[PDB]
There are 4 protein chains.
Amino acid sequence: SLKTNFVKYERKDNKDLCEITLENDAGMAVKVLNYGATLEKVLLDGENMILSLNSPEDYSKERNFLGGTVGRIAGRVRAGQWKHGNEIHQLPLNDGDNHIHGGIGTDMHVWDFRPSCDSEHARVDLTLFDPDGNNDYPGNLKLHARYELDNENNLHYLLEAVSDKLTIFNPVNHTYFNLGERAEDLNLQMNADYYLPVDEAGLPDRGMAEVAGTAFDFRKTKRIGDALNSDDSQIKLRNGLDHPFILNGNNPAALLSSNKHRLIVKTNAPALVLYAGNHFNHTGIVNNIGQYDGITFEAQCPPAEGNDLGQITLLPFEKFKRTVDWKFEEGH
Amino acid sequence: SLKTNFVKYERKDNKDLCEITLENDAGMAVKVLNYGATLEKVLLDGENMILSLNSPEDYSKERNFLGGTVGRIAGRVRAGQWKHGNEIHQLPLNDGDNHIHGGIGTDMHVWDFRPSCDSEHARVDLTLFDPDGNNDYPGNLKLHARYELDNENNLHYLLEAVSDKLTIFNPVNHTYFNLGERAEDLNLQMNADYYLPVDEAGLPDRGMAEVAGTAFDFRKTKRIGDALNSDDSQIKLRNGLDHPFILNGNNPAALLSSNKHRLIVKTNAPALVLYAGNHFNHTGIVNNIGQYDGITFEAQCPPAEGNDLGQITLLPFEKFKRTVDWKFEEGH
Amino acid sequence: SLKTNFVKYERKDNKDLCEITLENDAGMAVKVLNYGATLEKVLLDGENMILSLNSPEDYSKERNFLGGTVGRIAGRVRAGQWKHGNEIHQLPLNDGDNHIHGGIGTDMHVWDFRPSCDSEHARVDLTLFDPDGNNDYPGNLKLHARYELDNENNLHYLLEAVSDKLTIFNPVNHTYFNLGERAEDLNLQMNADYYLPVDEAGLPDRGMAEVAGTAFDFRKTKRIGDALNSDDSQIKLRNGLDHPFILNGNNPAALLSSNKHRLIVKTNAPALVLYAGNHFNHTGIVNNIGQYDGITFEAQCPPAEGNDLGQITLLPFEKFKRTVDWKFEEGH
Amino acid sequence: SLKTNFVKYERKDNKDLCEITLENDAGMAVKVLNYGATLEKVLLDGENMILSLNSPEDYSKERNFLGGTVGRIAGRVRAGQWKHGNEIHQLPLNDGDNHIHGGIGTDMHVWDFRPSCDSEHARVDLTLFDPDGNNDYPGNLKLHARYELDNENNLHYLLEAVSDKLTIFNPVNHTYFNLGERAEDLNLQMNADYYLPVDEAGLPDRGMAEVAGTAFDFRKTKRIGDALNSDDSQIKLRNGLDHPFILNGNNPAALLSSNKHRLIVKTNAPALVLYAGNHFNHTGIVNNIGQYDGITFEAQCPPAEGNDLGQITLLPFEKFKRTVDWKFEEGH
Ligand SMILES: [Cl-]
Ligand SMILES: [Cl-]
Ligand SMILES: [Cl-]
Ligand SMILES: [Cl-]
Ligand SMILES: [Cl-]
Ligand SMILES: [Cl-]
Ligand SMILES: [Cl-]
Ligand SMILES: [Cl-]
Ligand SMILES: [Mg+2]
Ligand SMILES: [Mg+2]
Ligand SMILES: [Mg+2]
Ligand SMILES: [Mg+2]
Ligand SMILES: [Mg+2]
Ligand SMILES: [Mg+2]
Ligand SMILES: [Mg+2]
Ligand SMILES: [Mg+2]
């Protein structure tokens with residue numbers, strides 16, 4: 001049967017930290033932490049399809065992002081500045097001259113949760129209240145995340161939010177995928193004809209450039225390591241992939257594959273930000289993960305070159321809705 | 001036919017007090033009072049499945065909770081305090097050092113009502129306006145309760161609300177179930193692996209504890225009286241069950257049974273607070289009910305240990321929606 | 001075919017006054033005025049089922065109510081006063097010591113309109129903006145009325161509204177029905193066990209009274225004239241029927257019949273206010289209508305005895321929705 | 001397959017200008033610019049059905065309107081004044097004594113965009129944030145435009161918006177149609193019995209006039225050039241058609257035809273404003289288009305004679321929704 005359960009493993013911020021398991025009748029078990037509404041593991045016949053830390057306890061010892069619901073804004077904001085009309089709002093500069101990842105972001109907070117299931121799905125709904133002014137963002141914000149598993153081995157991620165003030169909001173699920181192997185060795189096809197080259201600060205500075213003729217061309221199936229180990233100046237600059245790709249609208253958004261498994265990625269986001277875990281090195285808390293072991297498909301609106309953030313602006317009471325679907329299937 | 005009617009029996013607060021009857025074609029009659037949007041009786045072939053007072057008039061003579069729509073917050077709030085950001089709001093201390101049951105709560109107000117029916121349901125919709133600042137709660141609040149009976153002997157309870165200010169809201173239906181017998185003698189199975197132990201003040205103080213190895217273990221069908229008459233320190237502390245149970249997500253939330261009847265409880269709440277009518281003693285207005293005659297399944301977000309009430313916070317204009325389904329069927 | 005059209009006949013308030021015709025394939029033609037979103041005629045095989053003035057031009061010469069969308073509040077408000085919390089708002093005293101019919105109400109304004117049709121319906125949607133403070137009511141208000149005709153000779157009336165401020169709103173469609181004859185001679189059955197007796201000022205003063213044993217008993221089919229010509233003190237007081245009836249929830253709300261036609265009335269309102277055109281006398285602008293020629297079924301929340309108007313209070317941005325269905329069929 | 005793609009061709013306002021192509025399996029390709037959410041081309045078996053500039057780059061060199069999403073208000077506002085209650089708001093006088101086309105309107109802004117497709121549709125969703133006070137309009141505004149192509153050669157246009165302040169909003173899609181020929185030579189049938197004659201300033205001054213007996217009568221199929229070359233005083237005044245037509249509600253709103261093609265126009269707007277490109281003259285940036293080469297069917301609420309703009313007033317948080325459907329089919 002489709003079923004759910006959870007176990008409490010710790011306390012943080014006067015709240016319980018739990019590990020929630022969703023199971024189906026098709027060989028899949030999904031593990032979620034209410035800490036950061038974090039996707040911890042995706043087990044297909046016992047094999048983990050994503051990067052995970054050594055233990056659930058490890059996730060809250062420091063900020064390592066993997067699996068997390070990162071907000072209020074995932075990625076960078078130039079000079080931490082948001083201009084609307086003749087007004088500019090200043091966000092905290094936690095990334096040198098810029099702002100990144102919401103400051104002390106939502107991936108670091110303990111969310112409330114509620115598991116449920118029916119004849120078609122096993123799911124967990126998570127909620128978080130973030131007060132007006134937290135990390136200098138305007139608006140009381142209510143966030144709702146759902147991870148929902150069906151019998152077709154599709155894991156659906158839904159992230160909804162509402163603010164009571166004009167604000168900016170562009171969160172992302174920060175899961176790294178490896179299909180039980182290493183992302184460097186995996187094949188990728190992606191329906192994106194353009195990417196955003198970035199500057200030394202890691203932000204776009206000239207809008208879209210064609211992927212054609214560059215390391216970023218995944219229009220035809222290509223080994224990820226071919227891009228990572230190329231002499232491409234943008235790859236060298238960011239020590240691997242660390243780049244927004246602008247989707248062309250054809251389905252699926254991305255298809256990641258090994259000889260044994262395939263992952264089909266779909267989303268209502270306009271972009272995928274691909275980061276190949278360029279900084280991992282088998283040390284510290286994350287000693288079980290090395291460089292290029294996993295790759296994100298961060299489904300969000302792309303980071304912007306400057307203070308025009310119209311795309312990610314929410315009116316008071318406007319419903320934000322992000323969907324991502326990760327479908328796991330058998331290889332060729 | 002599915003049908004409705006009502007009778008006026010009294011006046012209170014310059015309004016009429018009525019008793020509304022919903023009937024189906026499957027042997028069920030449900031009686032509702034617009035006073036407190038209160039579930040008065042659930043008759044299955046003439047046999048009452050819930051605790052009821054001697055007469056409808058008795059419900060409004062004093063606060064005895066049974067059947068009532070208790071709000072704005074059912075249960076306790078530590079120190080009556082709600083912290084959001086750097087702001088704390090103080091609620092009335094009607095429970096010693098703490099706040100309980102909304103002060104002069106919604107179970108004590110006269111709601112407006114409207115019966116209706118169709119080929120599938122007989123229902124009554126009830127509404128209440130609670131002004132900003134009543135019982136020191138922020139926000140004008142509009143509440144809508146519905147009791148809806150179908151031909152499958154399911155009684156659906158829907159409780160919706162909206163506030164025009166940032167506020168806190170966690171109401172509950174306070175029906176006590178007995179299946180025409182005494183709850184102490186009934187069997188219970190409940191899909192909850194954790195409960196919240198409470199302190200001397202009746203509030204949680206350490207988050208979840210496993211039900212395994214305690215009186216609170218209803219994972220396998222167990223006579224309620226076995227828990228009530230056990231030497232468990234938490235049972236002794238609260239003179240019986242008076243505890244939040246955190247649901248594991250598997251269906252149903254609870255199954256209460258006698259040899260003759262079963263009640264299947266489903267809800268979109270994350271918790272059930274179980275209270276076994278520990279204080280009843282066949283005296284006063286409630287002289288027809290004794291200790292442990294009935295048990296609640298209060299479907300709400302759980303009472304919290306402190307002033308972090310994020311789970312029950314509503315933005316202005318945010319729709320709150322609680323569902324409970326009580327399905328009555330024949331025994332084994 | 002289901003079809004619509006309109007003709008312009010006059011100018012008022014720098015706007016065009018039009019008469020809109022909805023037609024079906026089942027012998028029905030419905031005439032609507034954008035002046036007051038007014039139901040002008042309901043023609044079944046050429047025979048008018050409702051009271052109408054001599055000409056469309058007559059409707060805007062003075063306030064005669066028939067067919068009109070009367071708001072913001074249809075009927076009386078005691079002392080013109082609305083109490084919410086510790087605040088009381090004062091409405092204009094256009095009814096002696098009381099307020100009635102919204103002051104210079106929405107039945108006196110020129111609405112915008114748009115006809116449309118499809119394979120199932122012919123309809124006209126009408127809209128009106130009423131500014132904050134008009135007739136001393138709070139809130140900018142957007143009203144939307146729809147008259148929609150199908151091939152089953154059902155005319156659906158939908159009235160929706162939203163305010164940007166906490167406010168009170170209880171409009172009604174003021175159509176008088178006669179089935180091409182005189183209402184005094186028609187039979188009526190109504191699923192209401194209670195009515196609200198009124199005082200000398202025409203307002204309720206003691207809540208519900210049983211219809212049983214009074215002129216107001218239409219639980220079993222009865223000639224309307226039997227009530228009108230009875231010695232009942234409430235009938236004498238109001239010179240006929242002028243009374244709220246509280247619906248019991250069984251279907252339909254009312255059934256009005258002659259030997260040739262029947263009208264089946266359904267509504268999502270809790271009450272019908274019945275007024276038998278007690279003041280008409282074949283004089284003035286309305287010289288074609290005499291006493292008791294038609295009867296309203298004003299589907300609204302009932303007039304209240306005092307300043308507690310919780311039932312009709314709207315939060316800012318709360319959607320009000322009233323439906324009425326008038327189905328015309330062949331007699332027995 | 002239904003498919004989408006886009007190409008970047010320029011930069012403007014620190015954003016990329018792209019040309020988005022939607023294609024189906026029925027011979028249609030639609031080209032959209034994110035600059036002004038502009039409909040650039042509609043190709044049916046290689047033949048363009050609408051007016052287009054020489055190149056996508058031409059659209060942003062100056063304001064020429066064709067294809068554009070023109071807002072916040074398309075068309076004129078008398079004296080630039082909006083009266084609500086006792087308040088009047090003043091808009092910029094960019095049209096002599098009047099206001100027109102939103103000032104520096106939304107057809108001149110770079111919108112964000114996202115293509116997508118499925119088994120039934122190929123679409124592009126575009127969004128724009130317009131700050132409070134831009135062009136002296138109140139309210140932060142979020143606009144969403146969608147162009148959606150199906151396999152029946154219907155192109156659907158959806159335009160939605162929400163403001164956080166009481167405001168006025170009446171945008172339009174400004175596509176000119178020619179069916180690969182010249183509009184002057186095309187036949188038109190239109191289900192509108194009334195038009196709004198205009199004054200020297202191009203605004204209505206007397207409400208509706210019958211089309212019967214005038215050049216504006218398209219109730220029966222008529223060559224557009226017959227109206228354009230007539231001696232009608234309103235045609236002479238505006239150098240061709242430049243007039244609101246008020247729809248009668250029968251389907252379709254308009255049918256434009258050549259010997260080879262037909263265009264079926266449907267809309268939820270109450271009016272179509274018809275402008276026959278009266279000013280084009282094969283000079284300047286638009287040197288490829290001459291007088292009467294194309295005709296708009298601007299689906300909006302009609303321009304008003306004065307400061308009563310109730311029809312186009314939006315409450316804060318009220319959802320505006322315009323639909324237009326353009327279906328292209330084979331001729332007779
Ligand atoms: Cl801006
Ligand atoms: Cl490494
Ligand atoms: Cl907080
Ligand atoms: Cl006892
Ligand atoms: Cl009140
Ligand atoms: Cl008379
Ligand atoms: Cl006004
Ligand atoms: Cl020319
Ligand atoms: Mg601060
Ligand atoms: Mg390694
Ligand atoms: Mg106070
Ligand atoms: Mg006893
Ligand atoms: Mg005033
Ligand atoms: Mg007469
Ligand atoms: Mg300004
Ligand atoms: Mg030419």
Side-chain angles (χ1 to χ4, degrees), chain A residues 3-13 15-24 27-71 74 105-117 121-128 143 145-149 153-159 171-181 183 261 263 265 275 277 280 284-289 293-299 324-326 328, chain B residues 193 208 248-249:
Chain A
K3 64 188 170 181
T4 58
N5 218 139
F6 67 87
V7 289
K8 170 176 165 171
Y9 64 87
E10 258 293 357
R11 302 268 296 162
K12 186 142 157 43
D13 293 340
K15 295 173 93 126
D16 297 326
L17 301 191
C18 300
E19 182 182 50
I20 299 110
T21 302
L22 318 176
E23 295 176 81
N24 68 8
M28 188 156 280
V30 173
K31 296 187 181 284
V32 170
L33 310 182
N34 62 307
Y35 176 80
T38 299
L39 181 56
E40 186 199 9
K41 309 191 174 175
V42 176
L43 309 172
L44 182 49
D45 303 317
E47 288 161 42
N48 195 2
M49 299 288 94
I50 69 163
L51 295 188
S52 310
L53 302 184
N54 288 318
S55 71
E57 288 87 349
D58 287 305
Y59 284 79
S60 50
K61 296 180 178 170
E62 54 172 36
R63 198 188 200 179
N64 283 300
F65 299 94
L66 74 174
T69 297
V70 179
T106 54
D107 55 301
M108 299 179 74
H109 289 77
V110 188
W111 295 51
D112 289 292
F113 73 94
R114 178 181 70 91
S116 60
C117 63
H121 304 99
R123 75 186 68 83
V124 56
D125 284 292
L126 304 100
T127 57
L128 181 65
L143 297 88
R146 173 183 295 153
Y147 290 93
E148 176 171 82
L149 176 61
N153 291 336
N154 185 81
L155 179 60
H156 178 71
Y157 177 72
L158 170 72
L159 183 58
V172 91
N173 182 283
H174 207 292
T175 293
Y176 288 89
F177 295 90
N178 70 344
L179 306 184
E181 300 298 332
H261 293 107
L263 162 68
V265 186
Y275 180 64
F280 294 129
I285 298 302
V286 200
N287 55 2
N288 64 315
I289 302 173
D293 282 10
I295 189 160
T296 65
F297 298 106
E298 288 164 67
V324 187
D325 290 281
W326 302 295
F328 298 86
Chain B
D193 300 330
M208 294 176 237
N248 66 27

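Only heavy atoms go into these numbers, but all of them, side chains included; no hydrogens, no water, no symmetry mates. Here is the naming used below: chain letters follow the sequence lines, and residue numbers restart at 1 for every chain.
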Please examine the side chains of [Y] and [X], heavy atoms only from C-beta on, and report whether any two atoms are closer than 4.5 Å.
{"X": "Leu263(A)", "Y": "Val265(A)", "answer": "yes"}
{"X": "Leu39(A)", "Y": "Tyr157(A)", "answer": "no"}
{"X": "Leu128(A)", "Y": "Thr69(A)", "answer": "no"}
{"X": "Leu159(A)", "Y": "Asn173(A)", "answer": "no"}
{"X": "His109(A)", "Y": "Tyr35(A)", "answer": "no"}

Inset, instruction - Pick out which of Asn64(A), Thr38(A), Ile285(A) makes a side chain to side chain contact (heavy atoms under 4.5 Å, CB included) with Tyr59(A). - result: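 By the side chain to side chain contact (heavy atoms under 4.5 Å, CB included) criterion, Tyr59(A) pairs with just one of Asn64(A), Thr38(A), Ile285(A): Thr38(A).
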Legend entry - Option passing side chain to side chain contact (heavy atoms under 4.5 Å, CB included) with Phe6(A) (candidates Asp16(A), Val32(A), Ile20(A)):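 With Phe6(A) as partner, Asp16(A), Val32(A), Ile20(A) yield a single side chain to side chain contact (heavy atoms under 4.5 Å, CB included), made by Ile20(A).
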Can you name the nearest heavy-atom pair linking [X] to [Y], along with the distance?
{"X": "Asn154(A)", "Y": "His156(A)", "result": "ND2-N, 3.7 Å"}
{"X": "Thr4(A)", "Y": "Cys117(A)", "result": "CG2-CB, 4.4 Å"}
{"X": "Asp125(A)", "Y": "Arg146(A)", "result": "OD1-NE, 2.7 Å"}
{"X": "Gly71(A)", "Y": "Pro171(A)", "result": "CA-CB, 4.1 Å"}
{"X": "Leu33(A)", "Y": "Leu126(A)", "result": "O-CD2, 4.1 Å"}
{"X": "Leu44(A)", "Y": "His261(A)", "result": "CD2-CD2, 3.8 Å"}

Inset, instruction - Report yes or no: do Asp293(A) and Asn178(A) form a side-chain donor-acceptor pair below 3.5 Å? - result: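 Side chains of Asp293(A) and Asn178(A): no pair found under 3.5 Å.
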Inset, instruction - Give a yes or no on this: more than 12 heavy atoms of other residues, nucleotides or ligands lie within 6.0 Å of atom NZ of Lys8(A). - result: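 Result for NZ/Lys8(A): enclosed.
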Legend entry - Enclosure of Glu181(A) CD (heavy-atom neighbours >12, cutoff 6.0 Å):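 No, CD of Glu181(A) has 12 or fewer neighbouring heavy atoms, counting only those of other groups under 6.0 Å.
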Please check if the side chain of [X] supplies one atom and the backbone of [Y] the other of a donor-acceptor pair under 3.5 Å.
{"X": "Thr21(A)", "Y": "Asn5(A)", "result": "no"}
{"X": "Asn34(A)", "Y": "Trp111(A)", "result": "yes"}
{"X": "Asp13(A)", "Y": "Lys15(A)", "result": "no"}
{"X": "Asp107(A)", "Y": "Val172(A)", "result": "no"}

Inset, instruction - Please assess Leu149(A) against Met28(A) for the test side-chain contact (heavy atoms from CB on, under 4.5 Å), listing each intermediate value before the final yes or no. - result: CA-CA 8 Å; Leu149(A) 176 61; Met28(A) 188 156 280; 3.6 Å; yes
So how far is it from [X] [atom1] to [Y] [atom2], rounded to the nearest 0.5 Å?
{"X": "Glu57(A)", "Y": "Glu19(A)", "atom1": "CD", "atom2": "CD", "result": "8.5 Å"}
{"X": "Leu155(A)", "Y": "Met49(A)", "atom1": "CG", "atom2": "CE", "result": "13.0 Å"}
{"X": "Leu66(A)", "Y": "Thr175(A)", "atom1": "CG", "atom2": "OG1", "result": "8.0 Å"}
{"X": "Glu148(A)", "Y": "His121(A)", "atom1": "CD", "atom2": "NE2", "result": "4.0 Å"}
{"X": "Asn287(A)", "Y": "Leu53(A)", "atom1": "CG", "atom2": "CG", "result": "9.5 Å"}
{"X": "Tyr176(A)", "Y": "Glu298(A)", "atom1": "OH", "atom2": "CD", "result": "7.0 Å"}

Inset, instruction - With side-chain contact (heavy atoms from CB on, under 4.5 Å) as the test, would you mind laying out the steps for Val30(A) and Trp326(A) before giving the verdict? - result: CA-CA 12 Å; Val30(A) 173; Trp326(A) 302 295; over 6 Å; no
Inset, instruction - In sequence, state the C-alpha distance, the side-chain angles, and the governing distance for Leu43(A) and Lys31(A), and then conclude on side-chain contact (heavy atoms from CB on, under 4.5 Å). - result: CA-CA 8 Å; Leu43(A) 309 172; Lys31(A) 296 187 181 284; 4.0 Å; yes
Inset, instruction - Apply side-chain contact (heavy atoms from CB on, under 4.5 Å) to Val42(A) and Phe177(A), showing your working. - result: CA-CA 10 Å; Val42(A) 176; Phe177(A) 295 90; 5.8 Å; no
